[PDB]
Amino acid sequence: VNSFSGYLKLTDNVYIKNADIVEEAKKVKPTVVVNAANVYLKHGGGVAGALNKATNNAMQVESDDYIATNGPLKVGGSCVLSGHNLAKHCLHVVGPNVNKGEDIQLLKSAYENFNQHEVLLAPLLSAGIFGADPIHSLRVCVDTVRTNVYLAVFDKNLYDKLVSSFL
Ligand SMILES: OC[C@H](C[C@H]1CCCO1)Nc1ncnc2[nH]ccc12
Ligand SMILES: [Cl-]
């Protein structure tokens with residue numbers, strides 16, 4: 001039993017809800033919140049910009065030190081950093097950004113990072129401003145993640161479409 005509430009259950013392990021991920025994490029304080037990151041950990045917009053704003057830019061300051069030490073992530077890769085005031089940890093995961101010409105096949109690799117964590121709050125990878133088809137991202141999530149994932153969907157019209165179209 002966990003404290004996630006109001007989710008629709010899609011499979012044995014994937015749950016979904018219409019929610020603002022910033023407000024969800026603040027309420028639940030999950031062990032792991034997933035950020036929709038880029039390889040530079042520059043948290044400018046979309047989920048990333050919103051999560052960073054909620055930390056009063058502490059996420060960005062931590063991220064800049066991480067990059068200065070380690071260099072950029074790989075597309076499809078991840079790193080674990082602090083969750084600041086939102087969660088114990090933030091798993092920064094880089095899904096392909098179609099608006100940059102990145103290979104959509106890397107979306108499965110990106111979701112594989114979730115399997116290193118028993119329970120996660122997360123957005124749909126490569127959705128929103130990353131330019132991929134969200135119905136596709138949900139399908140890859142369900143077919144790749146085996147741990148317990150609670151998916152927050154910002155857009156109301158999008159959430160209803162994912163549920164109604166889910167197989
Ligand atoms: O796939 C990531 C989605 C994409 C959106 C853009 C259009 C339809 O869905 N973004 C977010 N999902 C959940 N919480 C969020 N908080 C801030 C942004 C955000
Ligand atoms: Cl977005």
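Ligands are counted one by one from 1 in listed order, and the atoms in each one are counted from 1 as well. Counting begins at 1 with the first residue of the sequence. These values consider heavy atoms only, across backbone and side chains, with no hydrogens, waters or symmetry-generated copies.
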Q. Which residue owns the protein heavy atom closest to atom 6 (C) of ligand 1, what's the atom, and how far is it?
A. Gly128 CA, 3.4 Å

Q | Close-contact set for ligand 1 against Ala50 heavy atoms, below 4.0 Å | A | 17 (C)

Q | Proximity flag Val22 to ligand 1, non-hydrogen atoms under 4.0 Å | A | no

Q. Considering only protein heavy atoms, which is closest to atom 1 (O) of ligand 1, and at what distance to one decimal place?
A. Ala127 CB, 2.6 Å

Q.
Looking at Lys26 and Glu23, is any side-chain nitrogen of the basic one under 4.0 Å from a carboxylate oxygen of the acidic one?
A. yes

Q.
Between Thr55 and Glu62, is the side chain to side chain contact (heavy atoms under 4.5 Å, CB included) condition met? List the steps.
A. CA-CA 11 Å; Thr55 75; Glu62 179 195 31; over 6 Å; no

Q. Is a donor on one side and an acceptor on the other found under 3.5 Å between the side chain of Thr144 and the backbone of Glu112?
A. no

Q.
Pairs of nitrogen or oxygen atoms closer than 3.5 Å, one from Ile21 and one from ligand 1: do any exist?
A. yes

(Q) Looking at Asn157, is its backbone amide N or carbonyl O close enough to the side chain of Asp155 to form a donor-acceptor pair, meaning the two atoms are under 3.5 Å apart? (A) yes

Q. Which ligand 1 atoms are under 4.0 Å away from a heavy-atom of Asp155?
A. 8 (C), 9 (O)

Q: Starting at CG of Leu138, measure out to NZ of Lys161 and round the result to the nearest 0.5 Å.
A: 12.0 Å

Q.
Applying a heavy-atom cut-off of 4.0 Å, say which part of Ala152 lies close to ligand 1: side chain, backbone, both or neither.
A. backbone

Q) What protein heavy atom is closest to atom 9 (O) of ligand 1, reported as residue, atom name and distance in Å? A) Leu158 CD2, 3.6 Å

Q) Okay, side chain of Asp64, backbone of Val61: is any donor-acceptor separation there less than 3.5 Å? A) no

Q) Any idea how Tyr7 and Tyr15 line up, ring-wise: parallel (<30°), tilted (30 to 60°), or perpendicular (>60°)? A) perpendicular

Q.
Using a 3.5 Å cut-off on N or O atoms only, is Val47 in polar contact with ligand 1?
A. no

